[PDB]
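Here is the structure we will look at, set down as structure tokens.
Since every read-out is calculated from the coordinates, none of them should be taken as a lab result. Here the Cβ is made from the backbone with ideal geometry for all residues, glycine too, and neighbour counts use every protein chain on show.
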Ligand SMILES: [Zn+2]
């Protein structure tokens, strides 16, 4: 078991 | 059979000049993972994470 | 530098320390989408 | 032109039953050896 | 019998499923309940399915949601037959548990949350005879027998007979020995099967033999057996006939089957899921009663059937099902459209279904059997493409888990007209033609050709050979694809995009009906559930904002009204009155309006004047330059309700408080996050949770935010056109027509040939004509069946009528019909080319790694990459984490930074 | 509290045990070092 | 990156000494990548 | 010229309330509780 185991915003055109 | 033999030779040549003993493959003692690496947020009112 | 050649980014010999492998991988992978 | 000659070697290996004690065994004020888990319940 | 003359209800599937469940499944599961016989000296009983009484809920629906309790119905059965040894029947009505009830719309309220049950598609038990391609020799014909549980038993055929089975681990399972061990005599075995020469030359009961009810029918249909329907066990004659058909297909006498055919697949509904859950709950109840009997005999006390049974298993099983099952999903209450299109979904994935990546590419494509039964347009985009589909409008379950479609007989029979529902397998054998009879070429009118569909193939045949005929316009499309006007002039990709965007619509403050519509918004608003329909006939004697009183034959019925409630996805719900006081009403007519509905029709947007032209590059990409009139005239204003000095004595924020980002109301005190500010309309103290405890974990608060249309918002039409607002301009700066009115929105024209949408121009022109003529249009799809170029005539006639009745010659100009010359707002000069002018129906939308490391390494910014990695992570922390995780498994790591000056090794930890 | 995140523990075992991927896996280094097929050693373990 | 099971087992058995002359090696370590501004000499 | 299919079938009055008791609408959907209580599938609290 051990082996096996900024702001996002829309963009517009200016 | 000859491939097994060549692999055995290659495995045996390493242990002579690598300071790693072959009897360490068994676990006479087991390490324990640190607590924060394990999932533990907090303990409140007998809660166990 | 001489075995690789000219870089299409700036237009001269490749500068020392430029990751040509990542650039090649990306330039081969990105056309596969279209 | 001589390079800066930076040298870093990351080595991997299998631990020994003697080296494993160098991680968990710590000193105490009274001097008793500690580092072993002997109780099943943690909380 | 309903649905043959009109469009069926959108919630009839789940309605009839729940009815069938509560009618037969409960009794079917109680019949298979085992009998526990013990407690000799004590008085007990068994499970007798004789009472079977369900009691109405004490709580009401409104109450349940308010207090977060499930709405459910009690179950009281008097299961008493006879005692163990007392020889006296002790019958007591025991309370087994609670069974959830379904609303008329299909939603069940569990723990205060509206939840729906989505149907599932899966293969049916039977034999299929797939011809697997073989590299050497003839093609190997393997026949797979599917059972009710899901077992697979194959039979292979090599160049020789080589009749072997794949049930065993080895390739050869000795099918001859398997048939001999079944109990049939060898002589009878070789005499029953046809072609005994190759048979003589050739030298489990838990789930495989347990075939379902539909499996026996499918096996009797595919094969030639006449086994009665009561038998549901795999007989040896079945395997004999399977081997016979396989060895016959080896010689060329046979026909392969397609697993993508709807006749080979079965549709599960809420009834089957609830029946399985009830069976599991009954199993748990039997285990519990056995345990408590073993405990009561130990404690040496005569128990009571009331104290012997516990109401825990049923309740906990239904709760776990409604909470953790993939099919059970919460209702989407964004707009009245998502409420009706959520129950019509079909899911290929789920328990006992094909996964996402495991599913082959042949399952996702459209099949000729999906016509009129599954929508070819609606498809969930993403990795789960083709696996989530929508049920067609004219479709129902056909008593065998098969979805059927209506068809009209055009044969010279006794009746001559009968709307038949055809199973996907039975419809293939008839000639189905969708074409008009407006053709005459000096013949009897029956010798004329018409495109028809036969044996999953399209062909043109005479009018004498056609048997069936499809006459409904909305027969092949779902709710979303039907609400698109002029769908014949758009591609299917944009139809899918529009069907997806119509779900993401926001109910605005004031709603307006569309000038150009498809005619299905009426039934959509009827089946939505947000409209108050009358349950009795009578006069309206008292009209008020809170309730409506309807007086019929002496009895007075009170009807509440939703006033500024919150949905599941932050959308306000409100109902307005539409009937004055003192008028007569009938059952089924509207008494009060609803959100996103006006006059009994779906209203998800407003009508705005739109021009298609490039404007200073603000719409180079998909972008819209709107006018400022939409901001101060309250056109695209909407409400949103979110739940979580102004603090009172107790600490809760009082009503009417205007919270701001950073203000606290009740870490210790809850604070409003960034971007959330509005009026606190109401606060409720959840002192008692209903989670079986009184948990004042927190007090629910509601804030109202009236979001005006601003830059960055996404506006979309019903034809796939999508645009992001780029700039707001005053009324004086927008382009103005020859009448003197400034346009509201400006769209880019270059998108029209890119996304292949033509219906938007028709919609704009017809909406302008209707706005000038004060008319509304409801057009059925595919109007070209009447005549060629029907939409052109329909649009141009109305345009010319609006131009001649009202003296506006700029509306219809003969030189370029549908286009008009406009002016510039800044300089007042006309553009050198005409532009499209119209009033379309615009909707407001709700939505407003390793590759980066590879790119940064390609640029050569090592310090920026190091800073980004240290910011994302926080010797570094990642190295310590990795070395700890590796040494937890007996693995040692060292950095060993070697110095090049003095030649010494320094370990860094 | 980073000392707690960096500190580890150790447990003594009365009977020795063998690594997971040193034996069961297809490359059996112990079997290659002991000149004996996997059947007997699996048995001893 | 692919096996993560035997590539570590054989490496720990051989006692391999790895010189950080790659990119993703230093990325996983956390130091400066010897590409571009990091490439000295 | 004039279309073959009459346009009057498409024209709808703007200020018009849809009458759902029409030839092109299904029967009113009754409440599930009342529908199942009339047919005898569910018994009331008093009668129980
Ligand atoms: Zn058309």
Residue pairs meeting the criteria (Cβ under 6 Å; at least 6 apart or on separate chains; first in a helix (DSSP H, G or I), in the range E:867-881; second surrounded by 13 or more Cβ atoms within 10 Å (Cβ to Cβ)): E:878/G:30; E:879/G:29; E:879/G:30
Filter result (farther than 30 Å from residue E:295 by Cβ, more than 11 Å from every other protein chain (Cβ to nearest Cβ) and surrounded by 15 or more Cβ atoms within 10 Å (Cβ to Cβ)) within the range E:22-61: E:25
Residues that are assigned to a helix (DSSP H, G or I) and at the interface with chain E (Cβ under 7 Å from one of its Cβ atoms), drawn from the range H:7-27: H:7
Residue ID - nearest to residue E:498 (Cα to Cα), chosen from residues in the range E:717-760 that are within 14 Å of chain A (Cβ to nearest Cβ) and touching a helix residue (DSSP H, G or I) at 6+ places or on another chain (Cβ under 8 Å): E:722
Residue within the range D:12-32 that is on the phi > 0 side of the Ramachandran plot, more than 14 Å from chain E (Cβ to nearest Cβ) and surrounded by 14 or more Cβ atoms within 10 Å (Cβ to Cβ) present: no
Single residue of the range E:101-118 satisfying the filter (more than 18 Å from residue E:22 (Cβ to Cβ) and assigned to a strand (DSSP E or B)) that is farthest from the other protein chains (Cβ to nearest Cβ): E:113
Qualifying residue in the range E:888-903 (condition: under 48 Å from the mean Cα position of the chain (by Cα), within 7 Å of another protein chain (Cβ to nearest Cβ) and under 30 Å from residue G:14 (Cα atoms)): yes
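Could you look through the range E:600-629, keep only residues that are closer than 15 Å to residue E:507 by Cβ and in a loop (DSSP other than H, G, I, E, B), and pick out the one that is nearest to the other protein chains (Cβ to nearest Cβ)? Full working, then the answer.
Initial filter on the range E:600-629 (closer than 15 Å to residue E:507 by Cβ): E:601-606.
The next check asks that each one be in a loop (DSSP other than H, G, I, E, B); those that pass are E:603-604.
On the way: E:603: 12, E:604: 17 Å.
Looking at residues that are closer than 15 Å to residue E:507 by Cβ and in a loop (DSSP other than H, G, I, E, B), I get E:603.
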Filtered residues of the range F:14-40 (kept if exposed (fewer than 13 other Cβ atoms within 10 Å of the Cβ) and within 7 Å of another protein chain (Cβ to nearest Cβ)): F:16, F:17
Elements of type strands (runs of 3 or more DSSP E) contained in the range E:485-577, each with 2 or more residues being within 16 Å of the ligand (Cβ to nearest atom) and farther than 29 Å from residue E:7 by Cα: none
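Condition check ((1) surrounded by 16 or more Cβ atoms within 10 Å (Cβ to Cβ); (2) out of contact with any strand residue (DSSP E or B) (no Cβ under 9 Å at 6 or more places or on another chain); (3) more than 12 Å from chain H (Cβ to nearest Cβ)) across all residues:
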site	(1), (2), (3)
E:508	yes, no, yes
E:516	yes, no, no
E:519	yes, no, no
E:535	yes, no, no
E:544	no, no, yes
E:547	no, no, yes
E:550	yes, no, yes
E:556	no, no, yes
E:572	yes, no, yes
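To keep it simple, each residue is scored yes or no on (1) more than 10 Å from every other protein chain (Cβ to nearest Cβ); (2) within 39 Å of the chain's Cα centre (by Cα); (3) within 30 Å of residue G:1 (Cβ to Cβ); (4) within 16 Å of the ligand (Cβ to nearest atom).
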residue	(1), (2), (3), (4)
E:793	no, yes, no, yes
E:825	yes, no, no, no
E:830	yes, no, no, no
E:833	yes, no, no, no
E:859	no, no, yes, no
E:866	no, no, yes, no
Selection status of residue E:774, under 19 Å from residue H:16 (Cα atoms), at the interface with another protein chain (Cβ under 8 Å from one of its Cβ atoms) and surrounded by fewer than 21 Cβ atoms within 10 Å (Cβ to Cβ): yes
Failed item, numbered, when residue E:815 is tested on (1) more than 14 Å from every other protein chain (Cβ to nearest Cβ); (2) away from the ligand (no atom under 11 Å from the Cβ); (3) buried (at least 22 other Cβ atoms within 10 Å of the Cβ): (3)
Residue count, the range E:764-784 (criterion: closer than 20 Å to residue H:9 by Cβ and out of contact with any helix residue (DSSP H, G or I) (no Cβ under 9 Å at 6 or more places or on another chain)): 2
Condition check for residue E:472: within 14 Å of another protein chain (Cβ to nearest Cβ) and within 16 Å of the ligand (Cβ to nearest atom): no
Restricting the range E:386-418 to residues that are within 14 Å of the chain's Cα centre (by Cα) and more than 19 Å from residue E:11 (Cα to Cα), the residue that is surrounded by the fewest Cβ atoms within 10 Å (Cβ to Cβ): E:386
Qualifying residue in the range E:781-791 (condition: more than 13 Å from the ligand (Cβ to nearest atom) and more than 10 Å from every other protein chain (Cβ to nearest Cβ)): no
Which numbered condition residue E:851 fails, given (1) within 13 Å of another protein chain (Cβ to nearest Cβ); (2) within 16 Å of the ligand (Cβ to nearest atom): (2)
In the range G:1-27, residue nearest to the chain's Cα centre (by Cα) [restricted to those that are closer than 30 Å to residue C:16 by Cβ and more than 7 Å from every other protein chain (Cβ to nearest Cβ)]: G:25
